[PDB]
Amino acid sequence: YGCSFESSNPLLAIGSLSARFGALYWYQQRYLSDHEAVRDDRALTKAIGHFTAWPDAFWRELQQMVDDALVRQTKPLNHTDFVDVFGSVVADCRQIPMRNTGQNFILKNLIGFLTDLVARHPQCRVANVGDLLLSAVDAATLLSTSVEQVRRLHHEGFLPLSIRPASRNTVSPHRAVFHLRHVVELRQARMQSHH
Amino acid sequence: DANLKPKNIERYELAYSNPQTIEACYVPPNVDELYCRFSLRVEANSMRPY
């Protein structure tokens, strides 16, 4: 009904109401997968405790699935889709309606993590994590901008395309084609703002 | 197309090469000079209709 908080240590304890609503919606689909039992009070009541160690737990949830994915590998990683390892955790960032990083704190932590992941895995002769392919709609989300802007950014040569398409065809938004390390670096280099 | 509509071609589709098969000829390393020769005959044959 209102916020009214002070000494807001948890990442769920600050902000405008729309964000506070979005954070709960996200928590629910992701951890309350059990079918509705109209436990309208009890089901959501737990979300606050959950977030109290967030700055240090979210990363472990992401780390766990890097390893479980790795041991099930069937192709060299540089032809593997980003989605096969992280399971659309990126798309879920779109459920909070705000676009910028300083307000959408879920996206802010996911990017933090990916930047570190790339940093500890530099390029060498054998491919490794960080060379995964992103689709056009994924870069748009990580770069905090609409899709048409990515097409314009490609056209000017600020980033490379890795898969050669056939002639008399087009690459659709859903096709996986940019390397992760290329997107992370470009964003640090030329996409920052006061937000 | 008739300097009118530029064709539909997507950007990446022109970065491709166009392979071809050709014959060529070069002077091999360390030859000092090349020679060319021919012969010529001239006849006084415009004096009368064949």
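Each reported figure results from applying straightforward, stated rules to the coordinates on display, with no laboratory input. Because the Cβ atoms are built from the backbone with ideal geometry, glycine has one as well, and the counts that use them run over all protein chains shown.
If we keep just the residues of region A:163-177 that are within 13 Å of chain B (Cβ to nearest Cβ), surrounded by 13 or more Cβ atoms within 10 Å (Cβ to Cβ) and in contact with a strand residue (DSSP E or B) (Cβ under 7 Å, 6 or more places away or on another chain), which is farthest from A:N100 (Cα to Cα)? So, considering only residues that are within 13 Å of chain B (Cβ to nearest Cβ), surrounded by 13 or more Cβ atoms within 10 Å (Cβ to Cβ) and in contact with a strand residue (DSSP E or B) (Cβ under 7 Å, 6 or more places away or on another chain), the one farthest from A:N100 (Cα to Cα) is A:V171.
Taking the criterion of being of a type outside the set (S, T, N, Q), more than 30 Å from A:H154 (Cα to Cα) and loosely packed, with under 10 Cβ neighbours inside 10 Å, would at least one residue in region B:5-12 satisfy it? Scanning region B:5-12, I find no residue that is of a type outside the set (S, T, N, Q), more than 30 Å from A:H154 (Cα to Cα) and loosely packed, with under 10 Cβ neighbours inside 10 Å, so the answer is no. Filtered by the rule that a residue be of a type in the set (D, E) and closer than 24 Å to A:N104 by Cα, region A:141-185 gives A:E148, A:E185. Identify all residues within region A:178-190 that are of a type outside the set (S, T, N, Q) and loosely packed, with under 13 Cβ neighbours inside 10 Å; write none if there are none. Those that are of a type outside the set (S, T, N, Q) and loosely packed, with under 13 Cβ neighbours inside 10 Å: A:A189, A:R190. Scanning region A:135-155 for residues that are among the acidic types (D, E) and either crowded, with 16+ Cβ neighbours inside 10 Å or in contact with a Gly (Cβ under 8 Å, 6 or more places away or on another chain) (or both) yields a single hit, A:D138. Considering only residues that are free of Cβ contacts under 8 Å to residues at least 24 places away in the same chain and either of a type in the set (S, T, Y) or not in a loop (DSSP other than H, G, I, E, B) (or both), which ones fall in region A:30-53? Those that are free of Cβ contacts under 8 Å to residues at least 24 places away in the same chain and either of a type in the set (S, T, Y) or not in a loop (DSSP other than H, G, I, E, B) (or both): A:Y31, A:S33, A:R42, A:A43, A:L44, A:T45, A:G49, A:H50, A:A53. Of the residues making up region B:14-22, none is aliphatic (A, V, I, L, M), within 14 Å of chain A (Cβ to nearest Cβ) and surrounded by 10 or more Cβ atoms within 10 Å (Cβ to Cβ). For region B:8-16, the criterion of being farther than 29 Å from A:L161 by Cα and either part of a loop (DSSP other than H, G, I, E, B) or not polar (S, T, N, Q) (or both) is met by none of the residues. Comparison of A:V171, A:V177 shows that the only residue that is more than 30 Å from A:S16 (Cβ to Cβ), in contact (Cβ under 8 Å) with a residue 40 or more places away in the chain and of a type outside the set (D, E, K, R) is A:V177.
Elements of the type helices (runs of 4 or more DSSP H) sitting completely within region A:54-147 and holding at least 3 residues that are farther than 19 Å from A:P173 by Cα and touching a residue at least 60 places away in the same chain (Cβ under 8 Å): these cover A:105-119. Residue selection: A:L62 satisfies the criterion of being surrounded by 12 or more Cβ atoms within 10 Å (Cβ to Cβ), under 26 Å from A:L117 (Cα atoms) and in contact with a helix residue (DSSP H, G or I) (Cβ under 7 Å, 6 or more places away or on another chain). When the residues of region A:148-162 are filtered to those that are in contact with a helix residue (DSSP H, G or I) (Cβ under 9 Å, 6 or more places away or on another chain) and either outside any helix (DSSP H, G or I) or within 11 Å of chain B (Cβ to nearest Cβ) (or both), the one that is nearest to A:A91 (Cα to Cα) is A:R151. Have a look at A:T145, A:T101, A:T115, A:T141 and point out the one that is farther than 21 Å from A:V83 by Cα and hydroxyl-bearing (S, T, Y). So the residue among A:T145, A:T101, A:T115, A:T141 that is farther than 21 Å from A:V83 by Cα and hydroxyl-bearing (S, T, Y) is A:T101.
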